[PDB]
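Below is one structure, written out as structure tokens; the observations come after it.
What's counted below: heavy atoms across the whole structure, side chains too, no hydrogens, waters or symmetry copies. Sequence lines set the chain letters: A, B, ... in the order given, protein chains first and strands last, and positions in each chain run from 1.
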Amino acid sequence: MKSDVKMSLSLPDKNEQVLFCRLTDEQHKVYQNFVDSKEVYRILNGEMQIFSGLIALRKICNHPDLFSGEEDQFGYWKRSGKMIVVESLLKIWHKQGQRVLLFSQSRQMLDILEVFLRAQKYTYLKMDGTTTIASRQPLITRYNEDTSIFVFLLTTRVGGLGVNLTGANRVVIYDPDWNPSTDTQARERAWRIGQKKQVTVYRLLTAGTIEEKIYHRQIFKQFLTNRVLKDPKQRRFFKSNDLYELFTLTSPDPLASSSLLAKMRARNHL
Amino acid sequence: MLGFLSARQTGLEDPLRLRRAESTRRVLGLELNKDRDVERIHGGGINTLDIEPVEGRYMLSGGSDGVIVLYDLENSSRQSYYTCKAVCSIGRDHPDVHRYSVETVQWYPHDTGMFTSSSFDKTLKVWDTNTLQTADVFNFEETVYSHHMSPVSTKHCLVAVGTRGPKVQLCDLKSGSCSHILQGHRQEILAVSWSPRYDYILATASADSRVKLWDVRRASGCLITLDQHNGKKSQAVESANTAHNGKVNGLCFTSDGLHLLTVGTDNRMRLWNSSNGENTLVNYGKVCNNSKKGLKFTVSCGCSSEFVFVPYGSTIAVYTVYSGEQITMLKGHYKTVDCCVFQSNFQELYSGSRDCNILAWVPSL
Ligand SMILES: [Mg+2]
């Protein structure tokens with residue numbers, strides 16, 4: 001890990017903040033009308049597949065691209081709370097003269113964030129699964145070499161997973177994934193051997209939405225993983241029962257036979 | 001004998017000469033000792049015997065009635081006649097007693113304080129000798145024919161377990177791990193034996209007529225599959241390369257671990273090069289076995305010539321390992337002989353049988 005080695009590796013400090021964004025009134029209205037919709041009722045009765053509703057809710061927390069509402073074009077940043085947070089963060093970090101790594105599970109949301117960044121004057125760079133593979137390592141090299149490029153738009157699946165992006169300094173995971181490790185690797189894209197600046201990771205969750213539940217699922221999965229990678233004495237995940245009521249909107253506010261036998265009595269007494 | 005004593009005393013011959021020639025003479029003179037008896041405690045046939053490797057004082061015995069007996073083989077009485085008294089017993093009233101036949105019992109090598117025993121109740125139980133309570137139980141989905149701990153492993157403490165399943169279970173006594181399986185056999189594994197020479201070499205014999213040598217460290221299957229003919233009948237290996245023409249229900253490495261003895265229900269015993277599994281073509285004649293379970297047979301140690309003591313029906317046939325010449329057949333049992341075990345300090349043999357007896361064979365004079 002980068003705690004038994006970090007002192008021996010001269011890595012800069014690391015932060016892992018988790019921001020609990022707030023749904024906007026219109027985003028909240030869409031989410032409330034979808035949880036109250038009949039389709040969710042069919043899901044909860046076992047009539048229809050849970051996946052459809054889960055994906056719809058994830059889209060709603062990402063941005064209301066379900067119902068596309070001038071300055072009212074598709075994917076306008078002010079309609080989503082997470083994009084309000086991202087706009088504020090990019091503003092502060094740009095004036096702090098820093099380079100950001102903006103991740104997203106979804107290609108559609110990445111397109112929305114690209115249109116948003118170009119609505120700003122920020123210079124960006126994008127790499128999702130559609131960008132030709134032959135150009136991906138040049139892109140990474142470009143981002144790492146010249147610092148005029150400010151943000152790097154990445155899908156967590158292609159932009160995570162082994163690529164070195166130490167030219168980035170800030171990384172925000174725009175949307176959680178059911179799989180914890182997708183986001184672990186996405187955040188570890190920055191704080192690597194070669195990072196000369198302090199890194200802080202921001203994870204954006206819409207408070208009281210499906211995203212907080214996905215966060216709970218992946219905390220539970222991470223605890224199950226830590227039980228068998230770092231120690232077997234893990235604290236039980238108690239924050240929830242992790243049930244199928246994640247369709248509810250709850251907006252806040254030689255051993256000598258004696259060491260051997262002793263080990264056996266230990267194991268069996270448990 | 002006086003020539004040997006004079007040659008030892010005067011330095012002409014190395015003392016090893018007298019030791020080995022005399023041990024051989026004692027083995028050839030092996031005979032049913034009515035001057036020694038073993039206390040009858042088993043209500044059923046004795047399937048397995050195991051003399052402890054260190055000090056060779058105590059013997060384990062597993063019966064068909066599920067009892068385990070722990071005998072003292074030292075003549076603590078001043079008489080020339082003595083009965084090997086039963087020190088302990090996992091009896092019908094012991095809460096950990098095996099519910100069915102004990103098919104194997106083995107002392108922990110390197111120490112007398114723990115011993116392990118496997119049964120047809122689908123358990124391999126680890127016992128602490130002193131408290132005589134189970135320290136561990138390895139439950140299996142299928143009844144155990146034979147288990148074996150490496151006589152040599154100062155590093156690992158794996159138990160190779162062969163059941164009616166086609167896979168060989170490796171159970172780590174150090175933190176209890178019964179997940180490792182050696183797959184590649186196709187029928188019940190009737191015998192398993194770790195190499196006495198190599199820490200991680202395991203020989204496994206199965207009812208599908210095949211004997212395989214494994215390197216349990218290795219991640220790429222069995223090292224060798226023993227073949228009767230060594231290539232005369234060669235086929236793309238899907239069914240050929242059988243050690244025997246029936247079930248192979250007995251395995252025994254020679255003392256030095258450079259050769260492997262297999263006995264199968266083709267009424268044959270074969271001698272194989274344990275490094276490349278090549279048949280040495282030692283004849284051995286006909287070895288009558290029709291045992292439907294693992295057949296425990298032993299070799300001699302520290303003699304001028306090595307011997308193999310194989311159960312031959314109701315007798316114990318003694319053969320020279322490296323020439324095949326049957327030394328003799330020790331006949332003192334009343335039913336089929338299941339197991340024999342060799343006390344290497346005094347060239348004594350103990351053999352159990354289905355007639356609920358354990359007979360000592362000691363050299364005459
Ligand atoms: Mg890599």
Going from NE2 on B/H147 to CG on B/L170, what distance comes out if it is rounded to the nearest 0.5 angstrom?
-> 13.5 Å
Test log, rule side chain to side chain contact (heavy atoms under 4.5 Å, CB included), inputs A/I173 and A/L204 | CA-CA 6 Å; A/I173 311 291; A/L204 303 178; over 6 Å; no
Does the pair B/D96/B/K125 count as a salt bridge with the N-to-O cut at 4.0 Å?
-> no
Just by modelled atom types, is the B/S101 backbone N or O under 3.5 Å from a matching donor or acceptor in the B/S119 side chain?
-> yes
Look at the side chain of A/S258 and the backbone N and O of A/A256, then say whether any donor-acceptor pair between them is shorter than 3.5 Å.
-> yes
Salt bridge check: are A/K82 and A/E211 linked by an N-O gap of less than 4.0 Å?
-> yes
Between A/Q195 and A/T166, is there a donor-acceptor pair closer than 3.5 Å when you use the side chain of the first and the backbone of the second?
-> yes
Side-chain donor-acceptor pair under 3.5 Å between A/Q98 and A/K197, yes or no?
-> no
Please determine, by modelled atom types, if B/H110 and A/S257 share a side-chain donor-acceptor pair under 3.5 angstrom.
-> no
Is the shortest heavy-atom distance from the side chain of A/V172 to the side chain of A/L101 under 4.5 Å?
-> no
Approximate separation, where rounding is to 0.5 Å, of A/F223 CZ and A/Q218 CD = 12.0 Å
Atom of A/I214, atom of A/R58 and distance for their closest heavy-atom approach = CD1-NE, 3.7 Å
Kindly compute the distance separating CG (A/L44) from CD (A/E245), expressed to the nearest 0.5 Å.
-> 7.0 Å
Between B/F115 and B/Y108, is any pair of side-chain heavy atoms under 4.5 Å apart?
-> no
Kindly indicate, with the supporting measurements, whether the criterion side chain to side chain contact (heavy atoms under 4.5 Å, CB included) is fulfilled by A/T200 and A/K14.
-> CA-CA 6 Å; A/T200 178; A/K14 178 69 167 296; over 6 Å; no
Side-chain (A/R189) to main-chain (A/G159) donor-acceptor, under 3.5 angstrom = no
In chain order, what residues pass the side chain to side chain contact (heavy atoms under 4.5 Å, CB included) check against A/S52, with sequence neighbours excluded?
-> A/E39, A/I43, A/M48
How many angstroms lie between CD in A/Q137 and CG in A/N144, if you round to the nearest 0.5 Å?
-> 9.5 Å
Report the residues that fulfil side chain to side chain donor-acceptor pair (under 3.5 Å) with A/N15, sequence neighbours left out, ordered by chain and then residue number.
-> none
Rounded to the nearest 0.5 Å, what's the gap from CD1 on A/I112 to CZ on A/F116? Could you check?
-> 12.0 Å
Look at A/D111 together with A/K126 and state whether they make a salt bridge at an N to O cut-off of under 4.0 Å.
-> yes
Once the angle between the rings of A/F237 and A/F220 is folded into 0 to 90°, is it parallel (under 30°), tilted (30 to 60°) or perpendicular (over 60°)?
-> perpendicular
A/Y143 ring center near A/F152 ring center (under 6.0 Å) = yes
Side-chain (A/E212) to main-chain (A/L205) donor-acceptor, under 3.5 angstrom = no
Using a 4.5 Å cut-off on heavy atoms from C-beta on, say whether the side chain of A/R99 contacts that of A/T147.
-> yes
Sequence neighbours excluded, the answer for side chain to side chain contact (heavy atoms under 4.5 Å, CB included) partners of B/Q187 is B/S206, B/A207, B/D208
Residues B/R186 and B/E238 bridged, charged N to O under 4.0 Å | yes
Answer whether the closest heavy-atom distance between the side chains of A/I84 and A/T24 falls below 4.5 Å.
-> yes
Plane angle bin for A/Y122 and A/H94 - parallel if under 30°, tilted between 30 and 60°, otherwise perpendicular = tilted
Angle class for the B/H156/B/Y200 ring planes (parallel below 30°, perpendicular above 60°, tilted otherwise)?
-> tilted
Under a 4.5 Å cut-off applied to non-hydrogen side-chain atoms, are A/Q120 and A/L90 in contact?
-> no
Test side chain to side chain donor-acceptor pair (under 3.5 Å) applied to A/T130 - qualifying residues, sequence neighbours left out = A/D128
How about A/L23 and A/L249: do any of their side-chain heavy atoms sit closer than 4.5 Å?
-> yes
Flag, side chain of A/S8 to backbone of A/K6, donor-acceptor distance under 3.5 Å | no
Within a strict 4.5 Å, meaning less than it, do heavy atoms of the B/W194 and B/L158 side chains meet?
-> yes
Would you find a donor on one side and an acceptor on the other, under 3.5 Å apart, between the side chain of B/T163 and the backbone of B/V144?
-> no
Verdict with supporting geometry, B/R217 and B/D215, salt bridge (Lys or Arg N to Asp or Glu O under 4.0 Å) = CA-CA 5 Å; B/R217 284 179 308 164; B/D215 182 349; 3.6 Å; yes
Verify whether one side chain among B/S117 and B/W127 offers a donor that lies under 3.5 Å from an acceptor in the other.
-> yes
Would you check, one step at a time, whether the test salt bridge (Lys or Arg N to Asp or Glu O under 4.0 Å) holds for A/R157 with A/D177?
-> CA-CA 10 Å; A/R157 292 180 179 90; A/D177 203 79; 3.7 Å; yes
Ignoring hydrogens and angles, tell me if any N or O in the side chain of B/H148 forms a donor-acceptor pair with the backbone of B/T104 under 3.5 Å.
-> no
With a 4.0 Å cut-off, would you call A/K2 and A/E188 a salt bridge?
-> yes
Evaluate whether atom CD of A/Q234 has more than 12 neighbouring non-hydrogen atoms of other residues, nucleotides or ligands under 6.0 angstrom away.
-> yes
Test: A/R118 and A/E114 ion pair at under 4.0 Å | yes
Apply side chain to side chain donor-acceptor pair (under 3.5 Å) to the pair B/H185 and B/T204, showing each step before the final yes or no.
-> CA-CA 9 Å; B/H185 273 318; B/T204 64; 3.2 Å; yes
Tell me whether the guanidinium CZ or amine NZ of A/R187 lies under 6.0 angstrom from the six-membered ring centre of A/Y202 and within 45° of its axis.
-> no
With B/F120, which of B/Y100, B/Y145, B/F140 fulfils ring pair (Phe, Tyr, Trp, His ring centres under 6.0 Å)?
-> B/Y145
Are any of the side-chain nitrogens in A/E16 or A/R203 under 4.0 Å away from the carboxylate oxygens of its partner?
-> yes
Do the non-hydrogen side-chain atoms of B/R210 and B/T225 ever get within less than 4.5 Å of each other?
-> yes
Begin with the C-alpha distance, continue with both residues' side-chain angles, and end with the deciding distance and a verdict on side chain to side chain contact (heavy atoms under 4.5 Å, CB included) for A/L153 and A/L125.
-> CA-CA 6 Å; A/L153 286 170; A/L125 194 61; over 6 Å; no
Is a donor on one side and an acceptor on the other found under 3.5 Å between the side chain of A/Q105 and the backbone of A/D175?
-> yes
Please answer whether the main-chain N or O of A/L255 pairs with a side-chain N or O of A/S259 as donor and acceptor at a distance below 3.5 Å.
-> no
Can you list the residues that meet the side chain to side chain donor-acceptor pair (under 3.5 Å) rule with A/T132, with sequence neighbours excluded?
-> A/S135
Expected list for residues 260-270 of chain A: side-chain donor-acceptor pairs under 3.5 angstrom, two or more places apart:
unit_1, atom_1, unit_2, atom_2, d
A/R265, NH2, B/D128, OD2, 2.6
A/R267, NH1, B/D136, OD2, 3.0
A/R267, NH2, B/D136, OD2, 3.4
A/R267, NH2, B/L173, O, 2.7
A/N268, ND2, B/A135, O, 3.2

